[PDB]
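Read the single chain below, which is given as structure tokens and is the form deposited in one PDB entry.
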């Protein structure tokens, strides 16, 4: 994984975005942009050059599942890695995301070490 991979962090909580950005920083990933909800994220993804999306499951207007399905359906972004974030792991949520193409799932709060492990797992799973 290129340390310069461009990340999109999506969460309706500013503070949760700041945590994720700070965690990534710690790992050496400084290339991060932020979005507030699914539609905000799609707007930004339009400009191109993103490499990895970290999205919250629970967001207004367009939730994580919807954003993920829209990414998967788009010819230009369909392969982008998507890491889903939830405050509470639920079997049907996990199955629904997997089936929709999520690259992985992480329960918050999480440390830099957990994030790293999730990141490496996906890079490994996707041969990146």
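Residue numbers count along the first chain shown, from 1.
The same protein also exists as the form deposited with a partner chain bound; that form is not shown, yet it is the one meant from here on.
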Query raised in the report: residue 14 near its partner chain in the entry with it bound, any heavy atom under 4.5 Å?
Result: no
Query raised in the report: Does any heavy atom of residue 107 come within 4.5 Å of a heavy atom of its partner chain in the entry with it bound?
Result: yes
Query raised in the report: in the entry with it bound, does residue 22 have a heavy atom within 4.5 Å of its partner chain?
Result: no
Query - residue 75: touches its partner chain in the entry with it bound, heavy atom cutoff 4.5 angstroms - result: no
Report summary line: In contact with its partner chain in the entry with it bound (heavy atoms, 4.5 Å), from 59-67, 24-32, 45-53, 90-98, is stretch 90-98
